[PDB]
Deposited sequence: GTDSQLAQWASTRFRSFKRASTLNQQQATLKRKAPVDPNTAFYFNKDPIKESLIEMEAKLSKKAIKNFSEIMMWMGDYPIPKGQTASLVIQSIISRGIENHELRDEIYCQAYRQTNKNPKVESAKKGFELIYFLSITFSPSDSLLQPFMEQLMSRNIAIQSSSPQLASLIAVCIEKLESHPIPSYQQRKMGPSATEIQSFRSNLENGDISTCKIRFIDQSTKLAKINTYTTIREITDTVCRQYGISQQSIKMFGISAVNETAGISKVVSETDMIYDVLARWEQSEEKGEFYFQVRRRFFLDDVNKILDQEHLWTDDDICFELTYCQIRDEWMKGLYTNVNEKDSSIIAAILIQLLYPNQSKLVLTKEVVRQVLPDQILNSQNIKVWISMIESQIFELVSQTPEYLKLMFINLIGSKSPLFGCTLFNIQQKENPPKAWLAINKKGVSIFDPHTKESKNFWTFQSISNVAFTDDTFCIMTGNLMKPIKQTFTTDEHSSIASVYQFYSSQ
């Protein structure tokens, strides 16, 4: 008999209900045909809408028109152009909803309308999937919230018996709208990736737990449990526990986004949402595939005292092993070059004793030298000269345990490299060099020339009263002198700076 809560809400807001009222108020004018019925605006149509459903400003209506065609693309009722995909389409819709706040009710109404009296069940379900992905991001207005929920509840009651799967999908939408207001630290910034989409689908279909693949430095992997709101800090904690890193060491670890084809290894902020990162990777124009890699991020102990404070490094033997493995890998990638040929030959000698514990049985070859010296160092002399220099250092090497050789290797690298234990961020400067490295470690903040690896500036944590961030800068307050660096990595920089300075 009486109109639904949604229809009552739409009566004073929808174009179709308003135009019919202005035809009822000033009824003196002659009508051409019967009134088309204002409720038809709530029903599916194969054609793209020519104006927004809700009466609003023409600037907002124009964006609502483009949004409608995108909803149609997501639902498979409008084709997707050459350089686009379904994940990219829904990311656009949610982005429009995030930044155009007054377009939110209109997004929810367009999605819902397209689920009501749709001739294809494989289009209406996608319409409800979109409602789910909107409900995890932003709330509809306080005015629309209850009437819209009551409508979903009615559609659930009407389809419970015939379609219990589609009913579970509507029930999750209702759960996610009931969850609002979402706390600030949990508010998602991106729409879903094709990964998040598939995980959501197979969890409703099969009930199986969603996981994310995380690599370690040894190239081994771990599957971490992932939810809508999982942060990078939470996944780092879980994979590290799975690997066997002790409770106290877990805080020293972090995650980097690694792309091998396009040489990128970028720190991932511990406060980012893992699903927001996955969406950002889809949006990247970089060639190749990205993957997450656990790395030891923080180094609080003095590398110069490692041989006399072994327990600080070896008590957690899993953490020690991952640490040794990480420094060895950086050495093999040529990251440590503040080393002369004698120092490199000593390093090569230790690393050979670690690969071949039987000192007497050693036959030194070109192939053995390549396992322990990076090309960057090897380039400086003929490999035959390296064999001879390494053979000489091996004569000065006494029998040692594998653990002690790993500590000796770290001590040598650590003592000779000013970048050891630093987290590096690419920064832009008007000073020389224009493209520099912001280095943050246990001592403070530095600026390093990437070419020479020479430190241009250094500020201890004691000498910095406060820090500040903008969307494109990092600022340190150092007597009042402000030092500013161009970078968009405020989130990762704040986490690294807070950790080290707070000690």
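According to the record, the deposited residues with no C-alpha atom in the structure span just 479-482.
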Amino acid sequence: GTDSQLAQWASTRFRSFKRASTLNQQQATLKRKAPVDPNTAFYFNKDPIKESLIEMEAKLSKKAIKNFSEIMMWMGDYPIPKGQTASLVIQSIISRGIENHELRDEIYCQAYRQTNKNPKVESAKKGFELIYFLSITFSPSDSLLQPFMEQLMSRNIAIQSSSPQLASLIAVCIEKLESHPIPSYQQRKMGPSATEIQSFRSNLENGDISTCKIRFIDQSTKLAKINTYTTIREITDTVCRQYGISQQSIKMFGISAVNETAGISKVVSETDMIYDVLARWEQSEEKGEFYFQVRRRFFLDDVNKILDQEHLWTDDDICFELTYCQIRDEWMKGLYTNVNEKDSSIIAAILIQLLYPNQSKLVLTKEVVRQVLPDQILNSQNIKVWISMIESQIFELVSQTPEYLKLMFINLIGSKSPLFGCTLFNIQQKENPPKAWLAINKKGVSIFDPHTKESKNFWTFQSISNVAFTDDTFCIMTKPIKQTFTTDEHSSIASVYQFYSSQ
From here on, numbers count along this sequence of modelled residues.
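In this entry, 59-67 has the higher mean Cα B-factor, the comparison being between 457-465 and 59-67.
Mean CA B-factor, 97-105 versus 328-336: the higher value falls on 97-105. Per the deposited coordinates, the residue with the largest Cα temperature factor out of 492, 16, 483, 486 is 16.
When the C-alpha B factors of 295, 213, 287, 280 are read from the deposited coordinates, the top value falls at 287. Among the modelled residues of the chain, residue 204 sits in the highest third by CA temperature factor in this PDB entry. Residue 347 sits in the lowest third of its chain by CA B factor, as recorded in the PDB entry. Compared with the other modelled residues of the chain, the Cα B-factor recorded for residue 396 ranks in the middle third. Sort the modelled residues of the chain by CA B factor and residue 246 lands in the lowest third. Remark: residue 437 belongs to the middle third of its chain, ranked by C-alpha B-factor as recorded.
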